[PDB]
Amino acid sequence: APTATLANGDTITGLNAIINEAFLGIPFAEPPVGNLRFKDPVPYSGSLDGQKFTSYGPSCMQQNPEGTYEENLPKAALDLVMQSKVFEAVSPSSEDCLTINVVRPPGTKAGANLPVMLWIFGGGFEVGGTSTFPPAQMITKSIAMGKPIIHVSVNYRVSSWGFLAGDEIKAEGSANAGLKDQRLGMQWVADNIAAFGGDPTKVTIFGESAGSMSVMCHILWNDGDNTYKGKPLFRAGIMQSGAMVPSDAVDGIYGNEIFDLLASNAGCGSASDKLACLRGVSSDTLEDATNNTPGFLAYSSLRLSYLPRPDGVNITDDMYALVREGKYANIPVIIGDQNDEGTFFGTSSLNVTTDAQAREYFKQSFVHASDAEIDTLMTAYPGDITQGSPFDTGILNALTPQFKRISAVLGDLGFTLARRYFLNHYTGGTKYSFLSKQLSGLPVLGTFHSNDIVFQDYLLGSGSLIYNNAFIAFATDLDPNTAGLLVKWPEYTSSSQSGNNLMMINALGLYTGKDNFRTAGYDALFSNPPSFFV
């Protein structure tokens, strides 16, 4: 029943789910297959007239989270699962995966001009799909609030398929294919969203974790120019756990190391042109070769095998430098974190039990760090188990003498303190920040990484007041305070400002606090950011 006429005249049919209308699996680019592998996406040319879009398309190829060149049980276990016909049945994946989804309130018609929330999923830049992020909770809530919004989600290439790097990739100008897929998705929204009832000038981009870092990348894309056909692609952004990516250039050391390993794994180690050889292997071969490179749950943890890297063209330089240099789009933003962002990643190195092994693990993870810098880090983040994450849990959660320490470090560099650095240098627009402690007391993990996804798409909780209501108000009025919350959300100007500047969330509800914790780690970590890039 639900129908829409795209900008090229094609008329498409959606699915009436009653609580909302959906248009799932719309292709926005040609299959990045064959010789199009690793290359910039190409706008879809085919006609869609008369076609129905009532179900999510396949996700892009996924990399085993426990993938690694080594051989262990976790890897073998996940592999066994991810290759089962049952798994490929419930969660299909393919290289032909560049589709987009539009879900709106029931009865919404063309010209409605409702604000648009364009979701970018996160998954360590190695796994992920749009189908596992239900928009119903957000949509229904926005309606009950009298601020109906349209939910748009875009698939993009992950892992070796979307973030392959190295000298060859750089020379080709094919860096950051995954981010480019997202960018094309945004342009597709600009040209066609009006047909679904959305207002292209009211697009707010939001994502969590890898999706959150993606949002940051879009703010810094092309040195800040986020225009398309003379108009901005988005008027605001919401970053849920993830700011700048601490990475070396695309043709850096680890970028090349990984590219060579992958090529060897695929049997292209003797090709004079390794890139063309990789475009020649079958899907299976590439999938297998990729699963033999470190995944995000493997020992390498945060030192990701695949992720956004400055290319000198679309991301002109060091990302922390781009922010200091003011090379970004000027939009209002909301950026927050979960209290214990790093506990998940800390479970990947439970073989590290002594300070000496901890120091060694850090030296391996951050190759640019000098011994002095490492000593400083280990002083800012002491062995004292009562001081690590899960924070404020005393002697509890001591899986090892180093677990809470490694969890704290990884959590801060990758997300929590990285956020403060951005907030302390960004003058692009009004800034709002939150810190969730909604799950204080949860054994081992605490208020863990990605728990907000549950309270935003699956279950209702104190945090839903922020992940839903506040976010909907922001996308609608550009001020979270129009949501009508009992606690006023203060504006963030500086981590050094007096008065509360953080919206806080506990199990009972909301309150405000200050972004002034672990200042020693902040300095030890960001005096010279590049010393800790991967």
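In this text, the rigid core denotes the largest set of C-alpha atoms whose superposition between the two forms falls within 1.5 Å. Counting begins at 1, following the sequence as shown.
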request  = Please indicate which stretch deviates more in 7 other deposited structures of this protein: 38-46 or 65-73, judged by C-alpha RMS distance after a core superposition?
outcome  = 65-73
task = Output the stretch, either 74-82 or 434-442, that has more C-alpha displacement from this form in 7 other deposited structures of this protein following superposition by the rigid core.
result = 74-82
query = Which wins on mean Cα temperature factor, 282-290 or 77-85?
reply = 77-85
inquiry  = Tell me which stretch has the larger mean Cα B-factor in this entry, 104-112 or 147-155.
reply    = 104-112
query = Which is it among 468, 63, 482, 506: the one with the largest CA B-factor in the entry?
reply = 482
ask   = When the CA B-factors of 272, 241, 456, 305 are compared as recorded in the entry, which is the largest?
value = 272
note = The third of the chain into which the C-alpha temperature factor of residue 419 falls is the lowest
ask   = Among the modelled residues of its chain, does the C-alpha B-factor of residue 404 lie in the lowest, middle or highest third?
value = lowest
query = Lowest, middle or highest third: where is residue 462 by C-alpha B factor in its chain?
reply = lowest
request  = For residue 208, return the chain-relative third of its C-alpha B-factor as stated in the PDB record: lowest, middle or highest.
outcome  = lowest
key: Chain-relative CA temperature factor third for residue 393   = lowest
